[PDB]
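Source file: structure.pdb (PDB, C-alpha atoms)
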MODEL        1
ATOM      1  CA  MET A   1      43.548  -2.880 -82.896
ATOM      2  CA  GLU A   2      41.875  -4.591 -79.946
ATOM      3  CA  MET A   3      44.881  -6.922 -80.118
ATOM      4  CA  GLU A   4      47.182  -3.888 -79.939
ATOM      5  CA  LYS A   5      45.166  -2.448 -77.050
ATOM      6  CA  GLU A   6      45.476  -5.618 -74.977
ATOM      7  CA  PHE A   7      49.187  -5.875 -75.763
ATOM      8  CA  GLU A   8      49.846  -2.392 -74.360
ATOM      9  CA  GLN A   9      47.756  -3.108 -71.255
ATOM     10  CA  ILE A  10      49.566  -6.380 -70.539
ATOM     11  CA  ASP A  11      52.952  -4.760 -71.152
ATOM     12  CA  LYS A  12      52.061  -1.846 -68.865
ATOM     13  CA  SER A  13      50.716  -4.141 -66.126
ATOM     14  CA  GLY A  14      53.753  -6.400 -66.599
ATOM     15  CA  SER A  15      51.343  -9.347 -66.494
ATOM     16  CA  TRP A  16      52.600 -11.658 -69.257
ATOM     17  CA  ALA A  17      53.530 -14.342 -66.725
ATOM     18  CA  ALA A  18      50.032 -14.199 -65.218
ATOM     19  CA  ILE A  19      48.324 -14.242 -68.622
ATOM     20  CA  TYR A  20      50.468 -17.198 -69.685
ATOM     21  CA  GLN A  21      49.784 -19.152 -66.489
ATOM     22  CA  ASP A  22      46.056 -18.593 -67.013
ATOM     23  CA  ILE A  23      46.412 -20.269 -70.414
ATOM     24  CA  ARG A  24      48.168 -23.248 -68.811
ATOM     25  CA  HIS A  25      45.415 -23.534 -66.188
ATOM     26  CA  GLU A  26      42.546 -23.443 -68.705
ATOM     27  CA  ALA A  27      44.208 -25.720 -71.283
ATOM     28  CA  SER A  28      42.608 -29.024 -72.294
ATOM     29  CA  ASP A  29      43.571 -32.259 -70.537
ATOM     30  CA  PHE A  30      42.907 -35.342 -72.700
ATOM     31  CA  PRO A  31      44.249 -38.894 -72.338
ATOM     32  CA  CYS A  32      47.545 -40.016 -73.877
ATOM     33  CA  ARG A  33      47.191 -43.737 -73.239
ATOM     34  CA  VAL A  34      48.932 -44.956 -76.397
ATOM     35  CA  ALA A  35      51.933 -42.649 -75.865
ATOM     36  CA  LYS A  36      52.402 -44.092 -72.354
ATOM     37  CA  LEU A  37      52.334 -47.774 -73.351
ATOM     38  CA  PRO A  38      55.590 -49.521 -72.345
ATOM     39  CA  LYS A  39      56.323 -50.516 -75.953
ATOM     40  CA  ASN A  40      56.372 -46.819 -76.936
ATOM     41  CA  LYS A  41      58.742 -45.567 -74.234
ATOM     42  CA  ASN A  42      61.667 -45.355 -76.657
ATOM     43  CA  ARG A  43      59.550 -43.477 -79.236
ATOM     44  CA  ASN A  44      59.143 -40.437 -76.941
ATOM     45  CA  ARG A  45      61.889 -37.861 -76.520
ATOM     46  CA  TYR A  46      60.409 -36.180 -73.399
ATOM     47  CA  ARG A  47      58.484 -37.895 -70.616
ATOM     48  CA  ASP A  48      56.134 -34.920 -70.167
ATOM     49  CA  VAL A  49      55.345 -34.240 -73.863
ATOM     50  CA  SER A  50      52.916 -36.734 -75.420
ATOM     51  CA  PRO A  51      50.244 -36.602 -78.139
ATOM     52  CA  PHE A  52      46.604 -36.877 -77.104
ATOM     53  CA  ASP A  53      45.008 -40.117 -78.249
ATOM     54  CA  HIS A  54      42.211 -38.310 -80.077
ATOM     55  CA  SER A  55      44.496 -36.246 -82.327
ATOM     56  CA  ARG A  56      47.658 -38.377 -82.645
ATOM     57  CA  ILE A  57      48.952 -39.269 -86.116
ATOM     58  CA  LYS A  58      48.742 -43.006 -86.784
ATOM     59  CA  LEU A  59      51.376 -44.701 -88.905
ATOM     60  CA  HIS A  60      49.892 -47.018 -91.545
ATOM     61  CA  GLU A  61      51.646 -50.109 -90.203
ATOM     62  CA  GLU A  62      50.217 -53.172 -88.487
ATOM     63  CA  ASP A  63      53.194 -53.654 -86.146
ATOM     64  CA  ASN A  64      53.179 -50.394 -84.165
ATOM     65  CA  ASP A  65      51.360 -47.297 -85.409
ATOM     66  CA  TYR A  66      52.714 -44.888 -82.775
ATOM     67  CA  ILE A  67      54.624 -41.672 -83.431
ATOM     68  CA  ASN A  68      54.878 -38.626 -81.153
ATOM     69  CA  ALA A  69      52.987 -36.306 -83.513
ATOM     70  CA  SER A  70      49.645 -34.487 -83.378
ATOM     71  CA  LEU A  71      47.232 -33.197 -86.034
ATOM     72  CA  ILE A  72      46.256 -29.597 -85.208
ATOM     73  CA  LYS A  73      43.066 -29.173 -87.246
ATOM     74  CA  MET A  74      42.008 -25.513 -87.180
ATOM     75  CA  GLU A  75      38.400 -25.676 -88.356
ATOM     76  CA  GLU A  76      37.629 -21.946 -88.478
ATOM     77  CA  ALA A  77      40.931 -21.046 -90.163
ATOM     78  CA  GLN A  78      40.647 -24.052 -92.543
ATOM     79  CA  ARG A  79      44.296 -25.016 -92.094
ATOM     80  CA  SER A  80      45.912 -28.092 -90.534
ATOM     81  CA  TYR A  81      49.396 -28.634 -89.120
ATOM     82  CA  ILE A  82      51.242 -31.693 -87.893
ATOM     83  CA  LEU A  83      53.349 -30.900 -84.828
ATOM     84  CA  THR A  84      55.932 -33.436 -83.761
ATOM     85  CA  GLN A  85      59.060 -33.895 -81.662
ATOM     86  CA  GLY A  86      62.511 -33.856 -83.140
ATOM     87  CA  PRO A  87      63.009 -37.378 -84.513
ATOM     88  CA  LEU A  88      64.983 -39.857 -82.401
ATOM     89  CA  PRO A  89      67.687 -42.131 -83.853
ATOM     90  CA  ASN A  90      65.098 -44.947 -83.981
ATOM     91  CA  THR A  91      62.124 -42.897 -85.280
ATOM     92  CA  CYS A  92      63.623 -41.230 -88.372
ATOM     93  CA  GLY A  93      62.002 -43.854 -90.590
ATOM     94  CA  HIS A  94      58.684 -43.328 -88.791
ATOM     95  CA  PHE A  95      58.996 -39.582 -89.341
ATOM     96  CA  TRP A  96      59.392 -39.911 -93.105
ATOM     97  CA  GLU A  97      56.689 -42.601 -93.229
ATOM     98  CA  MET A  98      54.367 -40.019 -91.676
ATOM     99  CA  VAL A  99      55.421 -37.354 -94.189
ATOM    100  CA  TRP A 100      54.690 -39.791 -97.011
ATOM    101  CA  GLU A 101      51.372 -41.118 -95.694
ATOM    102  CA  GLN A 102      50.022 -37.662 -94.769
ATOM    103  CA  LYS A 103      51.041 -36.245 -98.192
ATOM    104  CA  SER A 104      52.932 -33.322 -96.662
ATOM    105  CA  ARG A 105      54.950 -31.064 -98.932
ATOM    106  CA  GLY A 106      56.902 -29.067 -96.347
ATOM    107  CA  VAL A 107      58.820 -29.749 -93.148
ATOM    108  CA  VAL A 108      59.518 -26.780 -90.860
ATOM    109  CA  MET A 109      62.410 -27.341 -88.409
ATOM    110  CA  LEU A 110      62.794 -24.636 -85.741
ATOM    111  CA  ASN A 111      65.691 -26.120 -83.726
ATOM    112  CA  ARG A 112      69.270 -27.195 -84.269
ATOM    113  CA  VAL A 113      70.524 -30.756 -83.868
ATOM    114  CA  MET A 114      72.767 -29.580 -81.029
ATOM    115  CA  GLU A 115      71.485 -26.943 -78.616
ATOM    116  CA  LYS A 116      72.908 -25.898 -75.244
ATOM    117  CA  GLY A 117      75.460 -28.708 -75.374
ATOM    118  CA  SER A 118      72.946 -31.543 -75.870
ATOM    119  CA  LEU A 119      71.548 -33.481 -78.831
ATOM    120  CA  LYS A 120      67.979 -32.294 -79.395
ATOM    121  CA  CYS A 121      67.186 -33.983 -82.711
ATOM    122  CA  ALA A 122      68.550 -36.738 -84.902
ATOM    123  CA  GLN A 123      70.259 -35.890 -88.191
ATOM    124  CA  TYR A 124      67.240 -37.161 -90.079
ATOM    125  CA  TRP A 125      67.911 -35.666 -93.529
ATOM    126  CA  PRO A 126      70.934 -35.931 -95.841
ATOM    127  CA  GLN A 127      73.458 -33.106 -95.843
ATOM    128  CA  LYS A 128      75.255 -34.080 -99.093
ATOM    129  CA  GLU A 129      73.710 -34.818-102.488
ATOM    130  CA  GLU A 130      75.888 -37.893-103.019
ATOM    131  CA  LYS A 131      75.074 -39.465 -99.600
ATOM    132  CA  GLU A 132      71.376 -40.289 -99.691
ATOM    133  CA  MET A 133      69.562 -41.928 -96.770
ATOM    134  CA  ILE A 134      67.652 -45.213 -96.926
ATOM    135  CA  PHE A 135      65.157 -46.034 -94.178
ATOM    136  CA  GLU A 136      64.964 -49.817 -94.387
ATOM    137  CA  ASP A 137      62.252 -50.213 -91.741
ATOM    138  CA  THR A 138      59.780 -48.013 -93.671
ATOM    139  CA  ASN A 139      61.077 -48.634 -97.238
ATOM    140  CA  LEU A 140      61.845 -45.007 -98.073
ATOM    141  CA  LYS A 141      64.779 -43.275 -99.729
ATOM    142  CA  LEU A 142      65.646 -39.606 -99.175
ATOM    143  CA  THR A 143      68.007 -37.530-101.353
ATOM    144  CA  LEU A 144      69.226 -33.935-101.008
ATOM    145  CA  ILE A 145      68.603 -32.165-104.333
ATOM    146  CA  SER A 146      69.669 -28.574-103.545
ATOM    147  CA  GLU A 147      69.946 -26.085-100.688
ATOM    148  CA  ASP A 148      69.576 -22.302-100.383
ATOM    149  CA  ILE A 149      71.585 -21.142 -97.367
ATOM    150  CA  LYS A 150      70.726 -17.779 -95.797
ATOM    151  CA  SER A 151      72.180 -16.117 -92.727
ATOM    152  CA  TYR A 152      69.693 -17.520 -90.205
ATOM    153  CA  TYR A 153      67.764 -20.189 -92.143
ATOM    154  CA  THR A 154      68.287 -22.744 -94.887
ATOM    155  CA  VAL A 155      65.800 -24.114 -97.421
ATOM    156  CA  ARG A 156      66.470 -27.590 -98.791
ATOM    157  CA  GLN A 157      64.853 -29.397-101.686
ATOM    158  CA  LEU A 158      64.594 -33.119-100.934
ATOM    159  CA  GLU A 159      63.364 -36.081-102.956
ATOM    160  CA  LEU A 160      61.444 -38.707-100.992
ATOM    161  CA  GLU A 161      60.960 -42.035-102.774
ATOM    162  CA  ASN A 162      58.619 -44.852-101.801
ATOM    163  CA  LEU A 163      60.863 -47.822-102.564
ATOM    164  CA  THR A 164      57.842 -50.138-102.739
ATOM    165  CA  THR A 165      56.056 -48.267-105.548
ATOM    166  CA  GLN A 166      59.025 -46.212-106.885
ATOM    167  CA  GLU A 167      56.892 -43.069-106.608
ATOM    168  CA  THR A 168      58.830 -39.890-105.763
ATOM    169  CA  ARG A 169      57.859 -36.576-104.177
ATOM    170  CA  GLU A 170      59.532 -33.218-103.681
ATOM    171  CA  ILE A 171      59.777 -32.228-100.010
ATOM    172  CA  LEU A 172      60.804 -28.715 -98.991
ATOM    173  CA  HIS A 173      62.700 -28.442 -95.692
ATOM    174  CA  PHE A 174      62.710 -25.037 -93.970
ATOM    175  CA  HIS A 175      65.389 -24.898 -91.263
ATOM    176  CA  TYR A 176      65.373 -21.926 -88.861
ATOM    177  CA  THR A 177      68.792 -22.072 -87.209
ATOM    178  CA  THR A 178      68.830 -19.059 -84.824
ATOM    179  CA  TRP A 179      65.743 -19.585 -82.629
ATOM    180  CA  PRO A 180      66.845 -20.708 -79.149
ATOM    181  CA  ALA A 181      64.980 -23.283 -77.114
ATOM    182  CA  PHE A 182      62.588 -21.557 -74.700
ATOM    183  CA  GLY A 183      63.498 -18.312 -76.496
ATOM    184  CA  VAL A 184      62.211 -16.035 -79.263
ATOM    185  CA  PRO A 185      63.345 -15.013 -82.754
ATOM    186  CA  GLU A 186      65.643 -12.021 -83.121
ATOM    187  CA  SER A 187      62.747  -9.838 -84.311
ATOM    188  CA  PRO A 188      59.228 -10.020 -85.727
ATOM    189  CA  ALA A 189      60.807  -9.232 -89.112
ATOM    190  CA  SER A 190      63.088 -12.285 -89.065
ATOM    191  CA  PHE A 191      60.207 -14.539 -88.015
ATOM    192  CA  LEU A 192      57.742 -13.130 -90.557
ATOM    193  CA  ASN A 193      60.295 -13.217 -93.368
ATOM    194  CA  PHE A 194      60.713 -16.944 -92.679
ATOM    195  CA  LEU A 195      56.985 -17.637 -92.279
ATOM    196  CA  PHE A 196      56.132 -16.023 -95.599
ATOM    197  CA  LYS A 197      58.969 -17.961 -97.243
ATOM    198  CA  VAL A 198      57.157 -21.116 -96.125
ATOM    199  CA  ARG A 199      53.794 -19.774 -97.309
ATOM    200  CA  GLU A 200      55.148 -18.764-100.714
ATOM    201  CA  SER A 201      56.446 -22.304-101.306
ATOM    202  CA  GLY A 202      52.940 -23.813-101.316
ATOM    203  CA  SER A 203      53.768 -26.004 -98.297
ATOM    204  CA  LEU A 204      50.770 -24.622 -96.380
ATOM    205  CA  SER A 205      48.354 -24.942 -99.312
ATOM    206  CA  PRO A 206      45.172 -27.020 -98.877
ATOM    207  CA  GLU A 207      45.984 -29.062-102.007
ATOM    208  CA  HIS A 208      48.801 -30.687 -99.984
ATOM    209  CA  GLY A 209      48.797 -32.620 -96.749
ATOM    210  CA  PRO A 210      49.457 -30.696 -93.534
ATOM    211  CA  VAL A 211      52.863 -29.098 -93.126
ATOM    212  CA  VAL A 212      55.012 -30.877 -90.545
ATOM    213  CA  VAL A 213      56.400 -28.505 -87.899
ATOM    214  CA  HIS A 214      58.874 -29.563 -85.248
ATOM    215  CA  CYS A 215      61.440 -28.316 -82.772
ATOM    216  CA  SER A 216      62.851 -30.531 -80.047
ATOM    217  CA  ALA A 217      59.639 -31.236 -78.137
ATOM    218  CA  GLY A 218      57.247 -29.962 -80.813
ATOM    219  CA  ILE A 219      55.337 -27.572 -78.526
ATOM    220  CA  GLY A 220      57.244 -24.353 -77.784
ATOM    221  CA  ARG A 221      58.844 -22.900 -80.888
ATOM    222  CA  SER A 222      56.515 -25.091 -82.984
ATOM    223  CA  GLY A 223      53.453 -23.702 -81.206
ATOM    224  CA  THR A 224      54.618 -20.117 -81.687
ATOM    225  CA  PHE A 225      55.016 -20.661 -85.438
ATOM    226  CA  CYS A 226      51.571 -22.197 -85.883
ATOM    227  CA  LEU A 227      49.782 -19.700 -83.616
ATOM    228  CA  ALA A 228      51.133 -16.742 -85.606
ATOM    229  CA  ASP A 229      50.312 -18.377 -88.943
ATOM    230  CA  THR A 230      46.760 -19.276 -87.916
ATOM    231  CA  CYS A 231      46.054 -15.814 -86.474
ATOM    232  CA  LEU A 232      47.247 -14.122 -89.666
ATOM    233  CA  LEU A 233      45.116 -16.473 -91.786
ATOM    234  CA  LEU A 234      42.006 -15.717 -89.695
ATOM    235  CA  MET A 235      42.662 -11.987 -90.087
ATOM    236  CA  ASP A 236      43.032 -12.487 -93.863
ATOM    237  CA  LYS A 237      39.637 -14.159 -94.254
ATOM    238  CA  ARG A 238      37.750 -11.257 -92.664
ATOM    239  CA  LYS A 239      40.237  -8.391 -93.220
ATOM    240  CA  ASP A 240      39.482  -7.609 -89.574
ATOM    241  CA  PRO A 241      42.391  -7.481 -87.116
ATOM    242  CA  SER A 242      40.036  -6.889 -84.182
ATOM    243  CA  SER A 243      38.214 -10.176 -84.893
ATOM    244  CA  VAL A 244      41.225 -12.324 -83.885
ATOM    245  CA  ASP A 245      41.466 -13.376 -80.218
ATOM    246  CA  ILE A 246      45.009 -14.745 -79.916
ATOM    247  CA  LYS A 247      44.472 -16.401 -76.520
ATOM    248  CA  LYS A 248      41.286 -18.090 -77.759
ATOM    249  CA  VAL A 249      43.141 -19.398 -80.827
ATOM    250  CA  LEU A 250      45.932 -20.761 -78.615
ATOM    251  CA  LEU A 251      43.444 -22.501 -76.345
ATOM    252  CA  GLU A 252      41.815 -24.031 -79.436
ATOM    253  CA  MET A 253      45.224 -25.289 -80.633
ATOM    254  CA  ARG A 254      45.878 -26.798 -77.200
ATOM    255  CA  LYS A 255      42.840 -29.035 -77.696
ATOM    256  CA  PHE A 256      45.007 -30.924 -80.205
ATOM    257  CA  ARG A 257      48.450 -30.962 -78.555
ATOM    258  CA  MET A 258      49.539 -30.120 -75.002
ATOM    259  CA  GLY A 259      51.887 -27.333 -74.011
ATOM    260  CA  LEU A 260      51.858 -25.195 -77.154
ATOM    261  CA  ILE A 261      53.876 -22.026 -76.454
ATOM    262  CA  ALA A 262      56.412 -22.845 -73.727
ATOM    263  CA  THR A 263      57.106 -19.432 -72.120
ATOM    264  CA  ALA A 264      55.378 -16.141 -71.403
ATOM    265  CA  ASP A 265      57.838 -14.367 -73.699
ATOM    266  CA  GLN A 266      56.943 -16.709 -76.555
ATOM    267  CA  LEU A 267      53.324 -15.673 -76.025
ATOM    268  CA  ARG A 268      54.350 -12.013 -76.016
ATOM    269  CA  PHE A 269      56.358 -12.589 -79.194
ATOM    270  CA  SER A 270      53.308 -14.199 -80.836
ATOM    271  CA  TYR A 271      51.350 -10.979 -80.279
ATOM    272  CA  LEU A 272      54.234  -8.952 -81.734
ATOM    273  CA  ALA A 273      54.457 -11.151 -84.832
ATOM    274  CA  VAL A 274      50.713 -11.044 -85.499
ATOM    275  CA  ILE A 275      50.480  -7.287 -84.879
ATOM    276  CA  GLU A 276      53.334  -6.644 -87.317
ATOM    277  CA  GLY A 277      52.091  -9.207 -89.846
ATOM    278  CA  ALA A 278      48.709  -7.473 -89.889
ATOM    279  CA  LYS A 279      50.365  -4.674 -91.864
ATOM    280  CA  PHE A 280      50.807  -7.032 -94.827
ATOM    281  CA  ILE A 281      47.367  -8.632 -94.395
ATOM    282  CA  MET A 282      45.668  -5.221 -94.421
ATOM    283  CA  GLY A 283      47.239  -4.272 -97.745
ATOM    284  CA  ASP A 284      50.781  -2.892 -97.256
ATOM    285  CA  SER A 285      52.542  -5.331 -99.542
ATOM    286  CA  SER A 286      55.788  -3.284 -99.346
ATOM    287  CA  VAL A 287      56.314  -4.400 -95.728
ATOM    288  CA  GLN A 288      57.384  -7.849 -96.955
ATOM    289  CA  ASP A 289      60.465  -6.257 -98.549
ATOM    290  CA  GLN A 290      61.144  -4.333 -95.338
ATOM    291  CA  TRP A 291      61.081  -7.557 -93.304
ATOM    292  CA  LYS A 292      63.566  -9.131 -95.705
ATOM    293  CA  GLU A 293      65.978  -6.220 -95.214
ATOM    294  CA  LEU A 294      65.554  -6.109 -91.417
ATOM    295  CA  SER A 295      66.091  -9.876 -91.212
ATOM    296  CA  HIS A 296      69.607  -9.504 -92.693
ATOM    297  CA  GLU A 297      69.041 -12.815 -94.468
ATOM    298  CA  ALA A 298      71.662 -11.994 -97.116
TER     299      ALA A 298
ENDMDL
END
Could you render the structure as structure tokens?
Amino acid sequence: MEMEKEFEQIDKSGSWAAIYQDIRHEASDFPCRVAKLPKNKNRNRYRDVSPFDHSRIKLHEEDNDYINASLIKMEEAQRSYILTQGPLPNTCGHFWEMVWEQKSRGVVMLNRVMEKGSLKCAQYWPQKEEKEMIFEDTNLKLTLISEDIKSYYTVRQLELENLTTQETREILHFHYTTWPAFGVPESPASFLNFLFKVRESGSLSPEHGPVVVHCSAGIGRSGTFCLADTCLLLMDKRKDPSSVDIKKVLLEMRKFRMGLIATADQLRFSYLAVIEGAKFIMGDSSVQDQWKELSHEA
């Protein structure tokens, strides 16, 4: 309600750009010394997107423990996320090492491998059952088990094997294929339909490690996804939509990784998604079916 009131006031004042810039100005600035070491230059996709030292994920290797990935630990909401860049051709083994070591069950990919004529992410998972991937540097094997292809997203079941111990784990890969870089989803319905698909899988459950979320830089689309999820979880705990301060939650998230939410319209969309999702949180379970229809997933 208060969230809806502010939305209307910002929309009427046409002040989303000013609100968004205020977030950028107030956001945390912490050191990223490890990310900027010369030996790690080729492990970073973007010069101006780096993990803070205090929240970076460490690989459990003695050689070089660096990956461009951050642990977003939301204490009040009691949920954690790992946000990371789209893997590079030389960091795909590191990426799956992180998934293994952090005990994650789900990977959420919000970008395509090719966007706007450029390569934004390595092809880090297998596309055919019979052509598995072996990451020799990290001693992992990855096999495609099945895939459920919808109109604007695909869910894949993967098997990740630790070749050292022969232990295997099911990984669920949620690929949103129609969300443009520096853009927004087609509608709140299409976004929420996808988010609750991830939730229903158990990939966000506290009995698993943190879900891994990435786009190309791991801040814009990735930040929008986690902001909406965290706001809806906070609302769920109290059944109180007016108790959720979206800008305060975003500033809290930005303590753990820089640059979350990359445009003013992504911030506006985050409000829209949370305002619409509140319908389900506050007890209208039928709205989930409506989102599925409006998403045209079939």
Which polymer residues have any atom within 12 Å of an atom of residue 64 (chain A), counting only C-alpha atoms, with same-chain residues fewer than 4 positions away left out, as a short mmCIF file (atom, residue, chain, number, x, y, z; two decimals) with C-alpha atoms, in the frame of the given file?
data_model
loop_
_atom_site.label_atom_id
_atom_site.label_comp_id
_atom_site.auth_asym_id
_atom_site.auth_seq_id
_atom_site.Cartn_x
_atom_site.Cartn_y
_atom_site.Cartn_z
CA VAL A 34 48.93 -44.96 -76.40
CA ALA A 35 51.93 -42.65 -75.86
CA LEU A 37 52.33 -47.77 -73.35
CA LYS A 39 56.32 -50.52 -75.95
CA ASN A 40 56.37 -46.82 -76.94
CA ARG A 43 59.55 -43.48 -79.24
CA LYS A 58 48.74 -43.01 -86.78
CA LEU A 59 51.38 -44.70 -88.90
CA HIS A 60 49.89 -47.02 -91.54
CA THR A 91 62.12 -42.90 -85.28
CA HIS A 94 58.68 -43.33 -88.79
CA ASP A 137 62.25 -50.21 -91.74
CA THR A 138 59.78 -48.01 -93.67
#
* To do: Any chance you could resolve the PyMOL selection byres ((chain A and resi 274) around 12) against this file and give the residues as a ChimeraX atom specification?
  => /A:1,3-4,7,188-189,191-192,195,224-236,241-242,244-246,267-273,275-282
If I take CA of residue 210 (chain A) and CA of residue 110 (chain A), how far is one from the other in Å, to one decimal?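 Taking CA of residue 210 (chain A) and CA of residue 110 (chain A), their separation equals 16.6 Å.
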Taken to one decimal, the CA of residue 133 (chain A)-CA of residue 87 (chain A) distance is 14.6 Å
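Distance check against residue 128 (chain A) using all atoms listed in the file: of A:216, A:146, A:44, A:201, the minimum falls on A:146.
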Between A:152, A:52, A:125, A:66, which has the minimum distance to residue 96 (chain A) (counting all atoms listed in the file)?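 Under the stated criterion, the closest residue is A:125.
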Kindly compute an axis-aligned box around the listed atoms of region 172-179 of chain A, allowing 6 Å on each side, and express its centre and edge lengths in Å to one decimal as JSON.
{"center_x": 64.8, "center_y": -23.9, "center_z": -90.8, "size_x": 20.0, "size_y": 21.7, "size_z": 28.4}
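Evaluated against this file, the PyMOL selection byres ((chain A and resi 81) around 9) yields residues 70, 71, 72, 73, 74, 79, 80, 82, 83, 204, 209, 210, 211, 212, 213 and 226 of chain A.
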- Query: Any idea what the distance is between CA of residue 215 (chain A) and CA of residue 109 (chain A)?
  - Reply: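 Computing the Euclidean distance for CA of residue 215 (chain A) and CA of residue 109 (chain A) yields 5.8 Å.
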Residues of region 48-133 of chain A at most 12 Å from region 174-183 of chain A: nearest atom pair and distance in Å, all atoms listed in the file, as CSV:
residue,atom,partner,partner_atom,distance
A:105,CA,A:174,CA,11.0
A:106,CA,A:174,CA,7.5
A:107,CA,A:174,CA,6.2
A:108,CA,A:174,CA,4.8
A:109,CA,A:175,CA,4.8
A:110,CA,A:176,CA,4.9
A:111,CA,A:177,CA,6.2
A:112,CA,A:177,CA,5.9
A:113,CA,A:177,CA,9.5
A:114,CA,A:177,CA,10.5
A:115,CA,A:181,CA,7.6
A:116,CA,A:181,CA,8.6
A:117,CA,A:181,CA,11.9
A:118,CA,A:181,CA,11.5
A:120,CA,A:181,CA,9.8
A:125,CA,A:175,CA,11.3
Using all atoms listed in the file, can you list as a ChimeraX atom specification the residues within 7 Å of (71.6, -15.7, -94.7)? /A:149-153,296-298
Saved selection, atoms kept: C-alpha atoms, as a short mmCIF file (atom, residue, chain, number, x, y, z; two decimals), in the frame of the given file:
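To be explicit, this is the file written out as out_9.cif:
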data_model
loop_
_atom_site.label_atom_id
_atom_site.label_comp_id
_atom_site.auth_asym_id
_atom_site.auth_seq_id
_atom_site.Cartn_x
_atom_site.Cartn_y
_atom_site.Cartn_z
CA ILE A 149 71.58 -21.14 -97.37
CA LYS A 150 70.73 -17.78 -95.80
CA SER A 151 72.18 -16.12 -92.73
CA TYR A 152 69.69 -17.52 -90.20
CA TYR A 153 67.76 -20.19 -92.14
CA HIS A 296 69.61 -9.50 -92.69
CA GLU A 297 69.04 -12.82 -94.47
CA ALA A 298 71.66 -11.99 -97.12
#
